[PDB]
Amino acid sequence: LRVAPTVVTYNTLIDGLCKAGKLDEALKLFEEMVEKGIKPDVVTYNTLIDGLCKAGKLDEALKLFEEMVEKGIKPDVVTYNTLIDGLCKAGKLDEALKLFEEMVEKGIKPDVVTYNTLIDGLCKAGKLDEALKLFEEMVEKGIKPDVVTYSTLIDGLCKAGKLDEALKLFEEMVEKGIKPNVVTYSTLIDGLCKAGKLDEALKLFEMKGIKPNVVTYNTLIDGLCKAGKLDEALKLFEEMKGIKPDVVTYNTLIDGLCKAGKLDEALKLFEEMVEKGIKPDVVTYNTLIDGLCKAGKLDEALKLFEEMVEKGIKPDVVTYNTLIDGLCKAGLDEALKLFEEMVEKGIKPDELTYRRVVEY
RNA sequence: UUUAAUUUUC
């Protein structure tokens, strides 16, 4: 191997490890390169900063930003976009809108991605009419709205129940010549399904030839289970081909079948999951722990939760919130014992976590 | 190197 390894090799390696998901491996290269005479650059800082935001170490991300500036490695548009996205997705919207101000004070033009990144945050922050302002502002600066832009607004409008305006934006997109893709059509197929418009969802799935992927089939499967067509969704899972089901496919059906009472069927799909080399994440165990609790069967729910940690999947706010619920409803001290444990392990409690225990 | 879609606690 060793030709002098560049910065670009360490930058490829560090990104690769960041996604994913051995972040601790990544940062020891970052050290190992600086001790070797190889100086990290703007892209080396941006990689790690995005790695650390995805792994939810946002506060540790801004440490590295501080460190770049100190070094006189200037943060560029990308560094700022990584930060603006990371802050939105950790719920720091107004922090993120600060950096949007600061970018311009430093002579950095905001981007197509910067506007996309912020229109997304705005939409997900229940602020649609600000999202549509930022969309008016790109055009004012002739930054061409693209397929990620339109797909985001459409998602936005659907998730606010504003379905017939999403449809109206999909039309506009095409006559304006930005072509939809699998993600466009599959947000819309998410829309229509969530508005009880299953026929319409399937009629959009027919899409030019955009090849549906596993997400579009998970949309329809979830659409079918919620509408109570469990065997039409077991059919589509068969299916109407070449798409390998993944972990969400099984969770969606595991939930559908739990809700229905078909706990036999579900658990065999959960047993089938692992035979086919699809590891059960935190949501598979969540979905069942709920099903078992609400079916009155709190013993087996707890079995599953112990087994969770016999395996490697670490619990969740949902895990604890669900068991908290079921434990209290199962006629308190243990519910409260789970709550202490949730604080030691490192998970932060949410409103419901509080709302339940209290309401003692 | 950075942005959009589907699953679990209603």
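Chain A is the first sequence line, chain B the second, and so forth, proteins listed ahead of strands; every chain is numbered from 1. Below, each value reflects all heavy atoms present in this structure, side chains not excepted, and no hydrogens, waters or symmetry copies.
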**Student:** Starting at CD1 of A:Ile243 and ending at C1' of B:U6, how long is that distance when rounded to a whole Å?
**Tutor:**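 Whole-Å distance recorded here is 14 Å.
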**Student:** Measure from OH on A:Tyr115 to P on B:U3 and round the result to the nearest Å.
**Tutor:**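 Distance check: A:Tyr115 OH to B:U3 P gives 19 Å.
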**Student:** What integer distance in Å separates A:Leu52:CG from B:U2:P?
**Tutor:**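 Roughly 13 Å, once rounded to whole Å.
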**Student:** Where the side chain of A:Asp120 is concerned, which of B:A4, B:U6, B:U9 is the nearest nucleotide?
**Tutor:**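 The listed nucleotide nearest to A:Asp120's side chain is B:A4.
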**Student:** Return yes when atom CD of A:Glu101 has more than 12 non-hydrogen atoms of other residues, nucleotides or ligands closer than 6.0 Å, and no otherwise.
**Tutor:**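 Enclosed: over 12 neighbouring heavy atoms sit under 6.0 Å from CD of A:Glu101.
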**Student:** Are A:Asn213 and A:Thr216 close enough, and set up right, to give a side chain to side chain donor-acceptor pair (under 3.5 Å), and what steps lead you there?
**Tutor:** CA-CA 6 Å; A:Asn213 63 11; A:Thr216 153; 5.4 Å; no
**Student:** By the 4.0 Å heavy-atom rule, please label A:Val147 as base, sugar-phosphate, or nothing.
**Tutor:**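 It contacts base atoms.
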**Student:** Looking at B:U7, B:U1, B:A5, which one has an atom nearest to any side-chain atom of A:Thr187?
**Tutor:**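 Nearest listed nucleotide: B:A5.
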**Student:** Give the rounded distance in Å between these two atoms: CG of A:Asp316 and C1' of B:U7.
**Tutor:**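 After rounding, the gap between these two atoms is 13 Å.
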**Student:** Under 4.0 Å, counting only non-hydrogen atoms across every strand here, what does A:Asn181 touch: a base, just sugar-phosphate, or nothing?
**Tutor:**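 A:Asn181: base contact, heavy atoms under 4.0 Å.
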**Student:** Let me know which of A:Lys194, A:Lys229, A:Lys259 forms a salt bridge (charged side-chain N to carboxylate O under 4.0 Å, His left out) with A:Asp222.
**Tutor:**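 Of A:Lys194, A:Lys229, A:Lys259, salt bridge (charged side-chain N to carboxylate O under 4.0 Å, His left out) with A:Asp222 is met by A:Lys194 alone.
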**Student:** Heavy-atom distance under 4.5 Å between the side chains of A:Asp146 and A:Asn116, does that happen here?
**Tutor:**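 With C-beta onward as the side chain, the pair touches.
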**Student:** Send over the distance from A:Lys329 NZ to B:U9 P, rounded to a whole Å.
**Tutor:**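 Atom-to-atom, A:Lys329 to B:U9, this comes out as 14 Å.
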**Student:** When A:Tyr217 is tested against each of A:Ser186, A:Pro212, A:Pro245 for side-chain contact (heavy atoms from CB on, under 4.5 Å), which residue passes?
**Tutor:**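 One option only clears the test, and that one is A:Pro212.
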**Student:** So if I take every side-chain heavy atom of A:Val318 and compare against B:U6, B:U1, B:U8, which nucleotide ends up nearest?
**Tutor:**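 Closest nucleotide to the A:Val318 side chain: B:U8.
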**Student:** Roughly, in whole Å, what's the span from CD1 in A:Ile108 to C1' in B:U2?
**Tutor:**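 About 13 Å, once rounded to whole Å.
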**Student:** Please pick, from B:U9, B:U8, B:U6, the nucleotide with the shortest atom-to-atom distance to any side-chain atom of A:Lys159.
**Tutor:**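 From the listed options, B:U6 comes nearest.
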**Student:** When you measure from the side chain of A:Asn46, which nucleotide among B:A4, B:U1, B:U2 comes out closest?
**Tutor:**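 The closest nucleotide is B:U1.
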**Student:** Whole angstrom is fine here: how far is it from CG in A:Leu188 over to P in B:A4?
**Tutor:**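 Answer to the nearest Å: 17 Å.
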**Student:** Measure the distance from CE on A:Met138 to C1' on B:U3 and round it to the nearest whole Å.
**Tutor:**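 Answer to the nearest Å: 10 Å.
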**Student:** Nearest of B:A4, B:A5, B:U7 to any side-chain atom of A:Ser151?
**Tutor:**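 Taking heavy atoms from C-beta onward, the closest nucleotide is B:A4.
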